[PDB]
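Trainee: sequence plus experimental coordinates follow:
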Amino acid sequence: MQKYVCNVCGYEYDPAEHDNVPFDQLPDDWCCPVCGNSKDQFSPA
Ligand code: NI
């Protein structure tokens, strides 16, 4: 259940915090809910 970290603000997308919804199921236009950084500028962590 891969966690991802925003390269801009350090927000961590942890699927565990979201009913195990994986990063790869998020919308095409999903952005960081803290800083609005785009999905494709997150690192696996
Ligand atoms: Ni961010």
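Mentor: Arrived safely, thanks for sending. Numbers count the residues shown, from 1 in each chain.
Trainee: how much space between the residue nearest the centre of the chain and the ion?
Mentor: Centroid-nearest residue in the chain: residue 13, 3.9 Å away (criterion: CA atoms, centre = their mean). Distance of residue 13 to the ion, computed by CB to the ion, to the nearest Å: 9 Å. To be clear about C-beta, it is placed using only N, CA and C from the backbone, and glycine gets the same treatment.
Trainee: bridged to that residue, which residues?
Mentor: residue 4 (DSSP bridges).
Trainee: what about the spatially most distant residue from the centre of the chain, distance to the ion?
Mentor: Largest separation from the mean C-alpha position in the chain: residue 19, at 13.7 Å (CA atoms, centre = their mean). If you measure residue 19 against the ion using CB to the ion, the figure is 21 Å.
Trainee: residues in contact with that residue?
Mentor: Under the criterion of CB atoms under 8 Å, 6 or more residues apart in numbering, the contact list for residue 19 is empty.
Trainee: repeat for residue 13
Mentor: Contacts of residue 13 (CB under 8 Å, 6+ apart): 3-6, 23, 26, 42.
Trainee: that'll do, ta.
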